[PDB]
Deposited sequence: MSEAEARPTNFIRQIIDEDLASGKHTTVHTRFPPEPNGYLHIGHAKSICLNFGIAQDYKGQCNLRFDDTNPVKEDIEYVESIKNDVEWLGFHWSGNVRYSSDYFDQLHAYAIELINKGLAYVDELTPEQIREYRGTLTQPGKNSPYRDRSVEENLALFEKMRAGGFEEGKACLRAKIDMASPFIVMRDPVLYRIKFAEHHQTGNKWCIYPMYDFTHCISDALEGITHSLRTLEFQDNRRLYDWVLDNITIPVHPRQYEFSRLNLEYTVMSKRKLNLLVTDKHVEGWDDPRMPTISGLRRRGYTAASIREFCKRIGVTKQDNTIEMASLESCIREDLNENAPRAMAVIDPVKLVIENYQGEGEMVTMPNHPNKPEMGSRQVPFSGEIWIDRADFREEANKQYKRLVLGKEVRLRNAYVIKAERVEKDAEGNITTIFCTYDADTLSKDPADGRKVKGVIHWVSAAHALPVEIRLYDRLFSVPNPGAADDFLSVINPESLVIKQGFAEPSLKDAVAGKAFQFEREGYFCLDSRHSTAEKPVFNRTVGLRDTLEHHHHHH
């Protein structure tokens, strides 16, 4: 529960509302990130928990910054997280005629006028955080002039920035938002929904309070930065002819360590080509996390754990990872894969190989078992073999033994190096009947695999606070290794995850996984304390 749900519990009792109607209003100017997910869970979640409704609305009031590819990807991420919206998808653009009419009502009430102060002059006239603003020389035009002038704007008779429609409120308000905020500005740009029918587009504050009201929204849930805007929201609805008046509630936005959480910065990583795309597995975007191996259920869990409050916060990466581990640890089938392979021959072994049985999930027999090929020439991880090694080292030591996962116990004996003195092959012997512990893969039946290890995109906890966050990108946020996996992964599918025993959770696709050379993304490593 959170303060917002508590308010709603009250409202229901008193009877202010008998139904709750929320909305998720993203602007299609980029892809959604994990923060947007916190918002999606909140609005859609509250709706379903209270047998209510939640609209998916595209706040598409700025043509030049938006693209149809963004609206497309947003519907996708909302669906993927497991949420359904009310009726058809909505667009603010659906209300452009409506907004135009409401602007005309304000002008008629002398509550709005066409200003001709250039874009620079408006800031010069606006005042400062400590000094009040001053009325524009065009502030007292007659209703008739404003009316004619607005029509000229709409008709395209003014060059961009040469004119705008402003609300007539209070140039001396301590609330900068109330200093005659702009309602409309000129833009000769094609809109992804309205094409070229308009050359004037409504501003955010004007559009949003009216959109909510026409949609019957009961609880407009937004983030803390729109707190000051609150008085403009109510001003507009109080001054036009509209029957409902939605209530606002702000909660703090999500921040995750070692990453950025704004579309502007995420876009720069995309445009400057420092990540493959919005959906790069290293990105905090919904799509990137999906591609990374996270389950929607893991994300919904995360959002449930972090809560909804009014306090600034930065969650630690451990928390998000904990969520994905809790999921995959329970549902992901296990398999063998060697990321850093080194040949190990069993001079003692006789034949072309045999078959050994391995549980698909140890702690869960109900998940079944599989048949895995074993032989005398296998691959183990270079890190699991040491010639010396101290006491705690429970792996393979030149002279000691180690149990090969779900197989036989073997003893290291003769190693073999090359030029630089690197080991090329490890010879051992196996105990005919014997069935630390290391994983392995039979070299003859092994599937050549590309393994992509990922890590924090940035080297610092708060890359957003850097002068140049790009210069603080982590050069090892992605390292590609070529390894070997048990033949069983031959049928692996994109999306589905597996636990590479003693390594971590991995999954296919990665946009690169083909038929010949499979590519696996390490979703997250195993807890190694």
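Q: So, counting the deposited sequence from position 1, which segments are absent from the coordinates?
A: Those parts of the chain that were deposited but carry no coordinates are 1 to 8, 444 to 454, 549 to 556.
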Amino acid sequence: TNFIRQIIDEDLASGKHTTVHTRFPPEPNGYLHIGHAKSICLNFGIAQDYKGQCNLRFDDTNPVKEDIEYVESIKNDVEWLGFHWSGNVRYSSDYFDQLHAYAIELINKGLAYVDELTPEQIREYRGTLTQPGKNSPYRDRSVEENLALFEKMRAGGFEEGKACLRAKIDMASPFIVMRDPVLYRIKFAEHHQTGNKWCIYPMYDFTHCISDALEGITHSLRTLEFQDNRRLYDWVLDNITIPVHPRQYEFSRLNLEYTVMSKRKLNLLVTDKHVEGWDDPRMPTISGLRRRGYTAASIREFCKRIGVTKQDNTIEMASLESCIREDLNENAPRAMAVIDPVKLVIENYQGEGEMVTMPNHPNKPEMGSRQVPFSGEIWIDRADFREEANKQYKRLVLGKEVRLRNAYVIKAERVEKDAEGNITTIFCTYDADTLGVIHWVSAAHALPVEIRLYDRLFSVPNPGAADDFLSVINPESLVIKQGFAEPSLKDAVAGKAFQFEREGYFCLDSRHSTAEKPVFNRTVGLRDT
From here on, numbers count along this sequence of modelled residues.
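Q: If you average the Cα B factors in the entry, which is higher, 20 to 28 or 512 to 520?
A: The stretch with the larger average C-alpha B-factor is 512 to 520.
Q: When the Cα temperature factors in the entry are averaged, is it 356 to 364 or 284 to 292 that ends up higher?
A: Per the deposited B-factors, the answer is 356 to 364.
Q: From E160, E416, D279, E151, pick the one with the largest CA B-factor in the entry?
A: Largest recorded C-alpha B-factor: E416.
Q: For the C-alpha B-factor as written in the entry, point me to the maximum among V64, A466, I68, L478.
A: Reading the PDB entry, the winner on C-alpha B-factor is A466.
Q: Sort the modelled residues of this chain by their C-alpha B factor and say whether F188 lands in the lowest, middle or highest third.
A: Ranked within chain, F188 CA B lands in the middle tercile.
Q: Based on the entry's values, in what third of the chain does the Cα temperature factor of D59 lie: lowest, middle or highest?
A: For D59, whose C-alpha B-factor we compare with every modelled residue in the chain, the answer is the lowest third.
Q: Ordered by C-alpha B-factor within the chain, which third holds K400? Give me lowest, middle or highest, please.
A: According to the entry, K400 has a C-alpha B-factor in the chain's highest third.
Q: If you rank the chain by CA B-factor, which third does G483 end up in: lowest, middle or highest?
A: Within its chain, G483 is a middle-third residue by C-alpha B-factor, going by the deposited values.
Q: According to the PDB entry, is the CA B factor of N313 in the bottom, middle or top third of its chain, that is, lowest, middle or highest?
A: According to the entry, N313 has a C-alpha B-factor in the chain's middle third.
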